[PDB]
Amino acid sequence: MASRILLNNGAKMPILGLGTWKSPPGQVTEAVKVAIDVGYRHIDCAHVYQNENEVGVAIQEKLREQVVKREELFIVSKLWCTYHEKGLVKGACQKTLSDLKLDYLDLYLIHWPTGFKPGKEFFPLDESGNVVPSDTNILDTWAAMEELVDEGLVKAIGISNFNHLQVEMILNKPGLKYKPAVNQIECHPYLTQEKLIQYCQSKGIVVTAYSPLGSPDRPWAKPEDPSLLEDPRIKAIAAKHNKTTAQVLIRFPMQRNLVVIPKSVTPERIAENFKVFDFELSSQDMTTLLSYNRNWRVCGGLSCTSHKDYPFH
Ligand SMILES: NC(=O)c1ccc[n+]([C@@H]2O[C@H](COP(=O)([O-])OP(=O)(O)OC[C@H]3O[C@@H](n4cnc5c(N)ncnc54)[C@H](OP(=O)(O)O)[C@@H]3O)[C@@H](O)[C@H]2O)c1
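Numbering (the entry's author numbering), first residue to last: 0 to 312.
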């Protein structure tokens, strides 16, 4: 298992990264410092997470310490839905760059295919509770992303939470200049995504699997929900390999040629989650894990289900 995957922009991306959604601002600086100290070279970020300044403190301190060189890091962020306007994309990217302490991003993603009315609120609502859309379509947002490459702000551009038809719409864009490098989607044994993964990979788009552990800290978790980390069938595969259940859940997408971005702010778990390059799941293990699919989503985008570009109908 090589540590990096080749993207369609010619750059290499580490297949394991650290997630930062829900990482508290008072804990994420140490989390990222620990991650870099124990070997992580890829950090997954977003403006909507409200913690990029604190992530950036860690990155900048490890660069200053010469623990790593900038060229050895792969930093990802995402354009939030309220910035799908031609005239707002550059400033949104620059705010992320300034918060992260960087002069370029390795990868910048359209966070969701749904554009919302610009303003201070990340989910602008009508008086009846529906998100207020923007009329800017995703192809015009893509053209704005392409400009960022041509201005040197980002090395690669991609998409997130795009369905098969939405990926195809960009690939078929008249005058397309840069193909998406990555589609970042939810993926784990309860949402195995065979169809969408096959399509993206067949087009040379690398897939990143988010919520690989089933996001046990998601804010809307309910006791009756299925739990990957507590599934006895997955625990049994882990026991057979003398690994933890989390380590199996991280290795699983790696063996599907995916990038994977488990989140932790716990130093011991950050280290545990990196120790996944020294064992191999069998083909039978892989097929068994795939068999657990039930089309269950952590991230249903429930605050934007009324938007015309909602991806999960
Ligand atoms: N593009 C998108 O729309 C999108 C959506 C969702 C997620 N993402 C990205 O994907 C990342 C990962 O997804 P996620 O944050 O939803 O969840 P996740 O990585 O599936 O799970 C994170 C949870 O698992 C716990 N955990 C981590 N390692 C563990 C271990 N070894 N043993 C036991 N528990 C462990 C963490 O606890 P502690 O932190 O307390 O240790 C946290 O509660 C996000 O942080 C974000 O970067 C992107």
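Beta carbons: idealized from backbone N, C-alpha and C, even for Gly.
- Taking 8 Å as the cut-off, the C-beta of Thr191 does not count as close to any heavy atom of ligand 1.
- DSSP places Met0 in no beta strand (DSSP E); its state is neither H nor E.
- If you ignore the 5 residues before and after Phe161, its C-beta comes within less than 7 Å of the C-beta of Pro112, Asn182 and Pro310, all in its own chain and listed in chain order.
- Under DSSP, the beta-bridge partners assigned to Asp43 are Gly18 and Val75.
- Segment contact: the region 107-123 against the region 285-295, fewer than three CB-CB distances shorter than 8 Å; contact not assigned.
- Counting only runs of at least 4 residues, the region 135-184 fully encloses the following alpha helix (DSSP H) elements, listed from N- to C-terminal order: 137-149 and 163-170.
- Annotation for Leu106: the continuous beta strand (DSSP E) segment containing it runs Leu106 to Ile109.
- Measuring C-alpha to C-alpha distances from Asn272 to each of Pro211, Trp141 and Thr28 identifies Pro211 as the nearest.
- For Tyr39, the closest C-alpha among the options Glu71, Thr95 and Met0 is that of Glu71.
- Taking the C-beta atoms as reference points, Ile42 is found nearer than 9 Å to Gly16.
- Checking the DSSP bridge columns, you'll see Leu190 partnered with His187.
- Here DSSP, grouped into helix, strand and coil, assigns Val67 to coil.
- Relative to the Cα of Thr207, the nearest Cα in the group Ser76, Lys21 and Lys89 belongs to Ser76.
- In terms of CA proximity to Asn294, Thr191 leads the group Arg217, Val31, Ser2 and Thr191.
- The region 153-173 and the region 91-104 touch, with three or more beta-carbon pairs separated by less than 8 Å.
- The beta carbon of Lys11 lies closer than 6 Å to those of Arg3 and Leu5 in the same chain, with the five residues before and after it left out.
- Taking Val259 as reference, the option from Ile158, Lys32, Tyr209 and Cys92 with the minimal CA-CA separation is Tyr209.
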